[PDB]
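Each chain gets a letter, A, B and so on, in the order its sequence line appears, and its residues count up from 1. No hydrogens, no waters, no symmetry mates; every other heavy atom, side chains included, goes into these values.
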Amino acid sequence: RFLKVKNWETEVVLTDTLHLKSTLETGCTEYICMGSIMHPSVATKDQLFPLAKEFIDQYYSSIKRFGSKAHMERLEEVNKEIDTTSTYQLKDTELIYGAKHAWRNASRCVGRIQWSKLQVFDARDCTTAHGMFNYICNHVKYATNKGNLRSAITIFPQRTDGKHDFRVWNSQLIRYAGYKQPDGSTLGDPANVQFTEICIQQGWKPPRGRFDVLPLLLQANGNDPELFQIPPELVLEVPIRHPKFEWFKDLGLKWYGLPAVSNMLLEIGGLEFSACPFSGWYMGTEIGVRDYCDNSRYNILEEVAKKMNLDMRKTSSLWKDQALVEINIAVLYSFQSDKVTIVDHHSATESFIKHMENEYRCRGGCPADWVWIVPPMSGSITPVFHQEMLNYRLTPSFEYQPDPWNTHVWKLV
Amino acid sequence: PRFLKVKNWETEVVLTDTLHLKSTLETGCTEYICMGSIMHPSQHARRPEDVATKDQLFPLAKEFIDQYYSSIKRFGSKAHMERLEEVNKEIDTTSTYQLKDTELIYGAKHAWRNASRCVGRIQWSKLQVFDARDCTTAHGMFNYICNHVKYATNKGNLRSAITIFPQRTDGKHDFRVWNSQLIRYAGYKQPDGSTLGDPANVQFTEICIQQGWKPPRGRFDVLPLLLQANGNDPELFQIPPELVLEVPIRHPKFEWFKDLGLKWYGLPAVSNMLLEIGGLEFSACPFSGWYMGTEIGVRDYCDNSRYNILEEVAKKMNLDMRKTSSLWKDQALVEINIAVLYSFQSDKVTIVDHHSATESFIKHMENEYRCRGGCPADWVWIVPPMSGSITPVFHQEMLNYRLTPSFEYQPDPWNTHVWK
Ligand code: HEM
Ligand code: HEM
Ligand SMILES: Cc1cc(N)nc(COc2cc(CCN3CC(F)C3)cc(F)c2F)c1
Ligand SMILES: Cc1cc(N)nc(COc2cc(CCN3CC(F)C3)cc(F)c2F)c1
Ligand SMILES: C[C@H](O)[C@H](O)[C@H]1CNc2nc(N)[nH]c(=O)c2N1
Ligand SMILES: C[C@H](O)[C@H](O)[C@H]1CNc2nc(N)[nH]c(=O)c2N1
Ligand SMILES: [Zn+2]
């Protein structure tokens with residue numbers, strides 16, 4: 001079997017054979033497509049054996065050592081551990097390879113051209129939330145690099161019985177608090193109201209501002225999570241101004257420079273790493289379109305359009321569209337002026353096409369989720385809009401997991 | 001399965017879909033692979049290419065007649081059982097059957113209703129159906145098409161319509177509109193290597209010249225009609241210009257915009273698709289409605305392999321075009337789409353912006369879940385090509401599945417016609 005994907009702008013046709021190696025479902029069936037469902041729907045010894053074998057096999061094939069003496073002893077060694085302990089431990093090389101390939105396999109990520117330049121921090125010796133704090137602080141400092149951002153991931157101990165999970169309760173390492181007011185309005189980031197409330201309950205004293213960096217809520221070994229304040233000098237921020245509109249700086253907008261997802265689960269050869277925060281750098285539209293202009297978020301379209309004296313009476317003036325462009329210009333300009341790494345959505349999607357073509361040549365394909373790859377503004381003037389894409393699930397992979405406050409059973413009376 | 005829920009991540013509305021249980025054809029996807037961004041993912045058709053056997057055609061007929069008599073609160077009624085037996089005898093004696101006027105109207109409206117890629121479907125039941133099954137020649141097809149265009153244009157107050165020519169018989173006597181749309185502009189391949197007019201239409205334009213059309217060789221030359229009746233060679237016809245409503249594109253603030261010399265036509269009229277009803281195949285079924293501004297202003301004007309006018313507009317706007325991060329393309333794209341909408345509304349020509357269209361579609365989805373138990377929708381196609389996430393459909397999960405009656409793609413007739 002082969003499948004072909006066409007670019008309807010360039011007429012280039014790629015041939016995907018890599019899809020023959022996927023295993024978990026997409027969510028779709030032969031008669032219903034579920035490609036726009038956001039979330040479609042511990043292992044025993046016998047479940048773990050073939051998962052481990054498949055991973056080890058692919059690692060040894062990647063380093064051109066399949067069938068070798070070291071390959072066969074590694075399989076036997078892993079087999080022993082799963083018999084002795086009902087689990088096993090990745091070598092350092094395998095962990096690095098696994099985390100890089102989970103990124104390579106993330107069908108929804110447009111920044112994958114960089115997948116092989118991932119800095120992997122092995123934190124599997126950590127035992128306490130204080131230790132997690134220290135690992136995360138070093139990650140942030142390394143990743144931030146005074147604005148010259150570097151991709152990195154820090155991997156905490158894997159799941160054992162599910163009663164001793166390591167978890168970062170934060171959804172990202174740097175996020176701003178949201179506070180609901182009695183009059184029903186929201187201060188700060190409305191997305192983070194729930195987690196802000198949890199922090200306050202755990203003892204956090206909130207400044208109650210618009211851009212309060214949340215504390216880290218860190219869980220080690222299945223214990224109750226603990227609060228820590230990231231040291232403010234490690235949190236790089238960019239005040240947003242516009243190159244033409246002097247009034248833009250008067251909105252008091254800023255954003256943090258380091259995007260760092262901390263609520264995913266990294267799955268490598270059947271092992272589950274429930275705490276694995278990873279970071280890269282921003283594409284402008286993530287802040288400028290979604291963070292600022294989603295109705296559920298900072299929702300600054302009307303304010304900006306107001307200051308542009310736009311006709312907000314009817315939609316066909318396209319005042320929302322016009323104001324959205326200006327905000328995204330401001331975001332890119334602000335980050336670039338402060339020499340904080342950022343990528344615009346045109347540069348990013350163009351790289352992804354180069355990346356995708358390269359992956360089809362060397363790997364036989366590239367799983368990609370069009371619904372997520374196409375940017376949330378200006379879709380069809382970017383090359384990915386015209387690019388057919390096949391979506392399928394390869395492992396190692398990043399996976400969603402339940403929010404920890406929905407599952408944690410609290411220890412302390 | 002049992003009931004698939006779709007959630008809206010803005011409003012938290014959850015809708016429960018059971019209508020997918022009636023899906024008939026494959027989507028292309030499997031458990032292991034999703035083809036939702038493939039333009040033509042599936043060749044699963046309900047019948048062989050041409051003249052089918054009794055056991056091939058009759059089940060599809062019975063399915064459709066059953067559905068239509070169920071829709072009108074009969075089923076098992078006298079007329080329903082008589083209709084089954086009459087379609088049985090007709091297939092026995094002609095290898096096909098003929099739809100009643102009511103059945104034809106029901107099927108056309110439901111093909112539109114089932115079109116998972118159409119954001120305009122809130123209007124589906126308000127569709128004027130012109131029965132043209134008595135047509136025999138390309139001249140008669142021309143007459144039918146002129147009447148359609150005149151009725152549908154309605155001096156700018158556009159009305160949705162479909163004109164249905166004779167169904168396919170053996171596959172050798174097809175009726176076809178060779179144009180992909182009733183009204184499109186020519187595309188001319190220049191001797192240097194560039195393109196004048198619309199690049200999408202260069203091949204069809206060449207066929208028309210290769211058929212005797214004298215090209216005026218402008219940028220907005222309305223193409224002739226190339227009509228094929230009963231499998232004969234196609235014939236050229238010039239649509240009377242007074243039937244072709246056009247809008248000159250100007251801008252409400254940029255006075256220099258009108259000097260770009262752009263115009264567009266008012267009537268979008270798809271004429272290369274096939275309409276499938278109860279196993280019958282209507283290969284010439286031109287249908288029309290009215291434009292969403294982005295179809296002209298984003299895709300027609302700004303696609304790289306189309307009119308590609310972004311840089312020229314951005315020039316007159318005095319934008320930094322050195323690097324992409326200045327977002328000069330995004331900025332011109334907004335102004336162009338303001339101009340298109342402002343121009344149509346100024347000339348009282350029906351048009352809908354992408355904010356109103358997508359909001360209407362959300363309402364249509366809710367109506368359909370409430371009365372039908374679902375609504376097939378292709379997210380890749382429903383989300384507008386600009387400003388995606390500030391429209392409500394961006395945040396709406398959708399299930400995509402194939403219901404019948406439906407509109408289907410078909411091969412371009414010059415790839416398959418044996419000339420006389
Ligand atoms: C280096 C710069 C990077 C850029 C510019 C980038 C860009 C993006 C964007 C725009 C998205 C869509 C996010 C959204 O719309 O909410 C995304 C998703 C994602 N990124 Fe990347 N990313 C980068 C680095 C990374 C790294 C280092 C990792 C992990 C090692 C990663 C893993 C993912 C995953 C797993 C998703 C989608 C999660 C899901 O399934 O929902 N990315 N990325
Ligand atoms: C009345 C106002 C209408 C509006 C605003 C509208 C809008 C649209 C738009 C924007 C698309 C996407 C097209 C593209 O991006 O190229 C579309 C697709 C489509 N429309 Fe509608 N439409 C309307 C009427 C109709 C009617 C009357 C029919 C048929 C009776 C129809 C059938 C279809 C079909 C079949 C497709 C997708 C073809 C495919 O499956 O690839 N539409 N429409
Ligand atoms: C490393 C990196 C760089 C960069 N530029 N952007 C990202 C964003 O990645 C992700 C983005 C989301 C979407 C977040 N919202 C959807 C959920 F409702 C909250 C989920 C996820 F699991 C991700 F991984 C990551
Ligand atoms: C009646 C009506 C009103 C309105 N506003 N828009 C439409 C768009 O219809 C269609 C549009 C297209 C796309 C055309 N080509 C561009 C792509 F590469 C193929 C295919 C198709 F099959 C359609 F049906 C129709
Ligand atoms: C590859 C991709 O499916 C293709 O470019 C699609 C994307 N979405 C679209 N959406 C609409 N409405 N019309 C289109 O032609 C397309 N083209
Ligand atoms: C309903 C729909 O699946 C949802 O809004 C998706 C659409 N595409 C997206 N694309 C990206 N990059 N990020 C998102 O959060 C979403 N949300
Ligand atoms: Zn699918």
I'd like to check B:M35 versus A:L3 (side-chain heavy atoms, cut-off strictly below 4.5 Å). Are they in contact?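 Answer yes - side chains close enough.
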Is any side-chain heavy atom of A:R290 less than 4.5 Å from a side-chain heavy atom of B:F394?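 Yes, their side chains come closer than 4.5 Å.
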With a 4.5 angstrom heavy-atom cut-off, which part of [X] approaches chain A: side chain, backbone, both or neither?
{"X": "B:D378", "value": "neither"}
{"X": "B:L399", "value": "both"}
{"X": "B:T24", "value": "backbone"}
{"X": "B:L333", "value": "side chain"}

Residues from residues 343-352 of chain B approaching chain A under 4.5 Å (heavy atoms):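 Interface residues of residues 343-352 of chain B: B:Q345.
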Around atom [atom1] of [X], are there more than 12 heavy atoms from other residues, nucleotides or ligands closer than 6.0 Å?
{"X": "B:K363", "atom1": "NZ", "answer": "yes"}
{"X": "A:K307", "atom1": "NZ", "answer": "no"}
{"X": "A:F2", "atom1": "CZ", "answer": "no"}
{"X": "A:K306", "atom1": "NZ", "answer": "no"}

Quick one: do the B:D330 and A:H345 side chains pair a donor with an acceptor below 3.5 Å?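 There is such a pair between these side chains.
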Compare every heavy atom of A:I37 with every heavy atom of B:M398, then report the nearest pair and how far apart it is.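 Looking at all heavy atoms of both residues, the closest pair is O-CD1, 4.3 Å.
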On a heavy-atom basis, which atom in B:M39 and which in A:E388 lie closest, and how many Å separate them?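 That closest heavy-atom pairing would be N-OE2, 3.0 Å.
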[atom1]/[X] to [atom2]/[Y] distance, rounded to the nearest 0.5 angstrom?
{"X": "B:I33", "Y": "A:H19", "atom1": "CD1", "atom2": "NE2", "answer": "5.0 Å"}
{"X": "A:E350", "Y": "B:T324", "atom1": "CD", "atom2": "OG1", "answer": "7.5 Å"}
{"X": "B:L327", "Y": "A:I381", "atom1": "CG", "atom2": "CD1", "answer": "8.5 Å"}

So, A:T26 side chain and B:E31 main chain: donor-acceptor pair closer than 3.5 Å or not?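 Side chain of A:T26 to backbone of B:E31, a donor-acceptor pair under 3.5 Å: yes, one is there.
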For B:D353, is there any backbone N or O sitting under 3.5 Å from a side-chain donor or acceptor partner on A:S316?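 It does not hold such a pair.
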Top contributor to chain A contacts, counting heavy-atom pairs under 4.5 Å, from B:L25, B:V6, B:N337: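 When all of B:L25, B:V6, B:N337 are compared, B:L25 has the most.
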Option in B:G36, B:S37, B:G388, B:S23 with maximal non-hydrogen atom pairs under 4.5 Å from chain A: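 Sorted descending by pairs with chain A, the first entry is B:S37.
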May I ask you to name which of [options] has the most heavy-atom pairs under 4.5 Å with chain B?
{"options": "A:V371, A:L332, A:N295", "answer": "A:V371"}
{"options": "A:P376, A:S107, A:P40", "answer": "A:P376"}
{"options": "A:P383, A:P367, A:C28, A:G284", "answer": "A:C28"}
{"options": "A:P243, A:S347, A:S317", "answer": "A:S317"}

For a side-chain contact (heavy atoms from CB on, under 4.5 Å) with A:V325, tell me which candidate from B:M386, B:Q331, B:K329 qualifies.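 The option that passes is B:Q331.
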Side chain / backbone / both / neither for A:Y31 at chain B, heavy atoms under 4.5 Å: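 For A:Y31, the contact with chain B is made by backbone and side chain together.
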Measure distances from A:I329 to the heavy atoms of chain B and classify the residue's part below 4.5 Å as side chain, backbone, both or neither.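 Both parts, backbone and side chain.
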Can you list every pair that meets salt bridge (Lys or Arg N to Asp or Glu O under 4.0 Å) and has a residue in residues 8-21 of chain A, with sequence neighbours left out?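 Sorted result for residues 8-21 of chain A: A:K6-A:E11.
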I'd like to know whether the aromatic ring centres of B:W9 and A:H39 sit less than 6.0 Å apart in this structure.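 Between B:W9 and A:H39, the centre distance is under 6.0 Å.
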